[PDB]
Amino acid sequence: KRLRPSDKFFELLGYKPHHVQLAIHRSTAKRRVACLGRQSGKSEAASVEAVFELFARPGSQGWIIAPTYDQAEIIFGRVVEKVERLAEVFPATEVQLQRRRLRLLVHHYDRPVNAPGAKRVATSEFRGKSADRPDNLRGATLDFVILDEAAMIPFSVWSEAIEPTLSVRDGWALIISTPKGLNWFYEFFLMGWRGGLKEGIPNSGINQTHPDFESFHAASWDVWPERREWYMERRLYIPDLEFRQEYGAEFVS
C-alpha cells in the first residue's frame, strides 16, 4: 500500500486544498510532476506533503529541495509552523528544532509524552536543502524528496545527488514547478501526462508515458478560479510569453 493524506489530516492542519492540490496529494505515483502557475499553492502543497510524512509515517525521512538557500529557509519555516501547530493535537509527539541546520525532528512516543513510562517509538526527520549548495546534498538515504521550483534546479542535481537518495527505500519524489521551457522538468512532466492534447504543452497527446509517473497541469486561474481576473490583469503589462509561462504554466522554450 501507499499511504496518502486523509480529509481529516487536511482539516487538522486548517488546510483546504484546491482541486488540483487534492489531485496531487491523492496520487500514489512514485514520481509526481506538477506544472502549476505562480501563486497557485506549489510551496503550500510541498509543505503539507512534508508534514504528512513526519506525523503519519513515524520514522520517515525526507527533504524539500529548492533552487536557492533563501527559498529553502522560507519553506523550512513554513513547514515548522505547520508541524508546531499539529504537535498541539498530538500529545504523543515531541518536536526538536535545529533551525541553523534547516533540520527538524518529530519524536513519536507510545503514549502522551507527559505521561509515566513513555517510550520513544520513532523519530521522523525533515530538512530544507538548496540546489545552489550541492555539497550539502550527498550521503543521504531518504524515504521522500520534494523539489520546489524544480524547473530552476539543474538536471545534474536531480540525477547525481537527489535521485540516488531514494534507491534503497524505493522512495517517492514530488517534482513541482512553474515551467522554464523545454528542459528536464518538461521531459519528466511528459512522462506522466495522460491528459491528452492541451494548449501550452508541446506534443501533448502523442507523448510516451511511464507507469511510475503521474503529471498535473494547471494555470494559476485554473487552480484558483475565484480570482481569475486578478491573474488576468497582469496580461496587460507583462509580455505574452512571460505571462503564459508564469501564470499560464505553459511550456514555452
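From 1 onward, residues are counted along the sequence shown.
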property	result
Stretch exceeding the other in mean C-alpha B-factor - 15-23, 230-238	230-238
Entry-level comparison of average CA B-factors, 195-203 and 212-220, reporting the higher stretch	195-203
Candidate set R169, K129, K119, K180 [ranked by C-alpha B-factor, highest]	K119
C-alpha B-factor winner, where the candidates are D135, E149, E163, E125	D135
CA B-factor placement of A173, once the chain's modelled residues are sorted into thirds	lowest
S40 by Cα B-factor - lowest, middle or highest third of the modelled chain	highest
Cα B factor band for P58 (lowest, middle or highest third within the chain)	middle
Lowest, middle or highest third - CA B-factor, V145	lowest
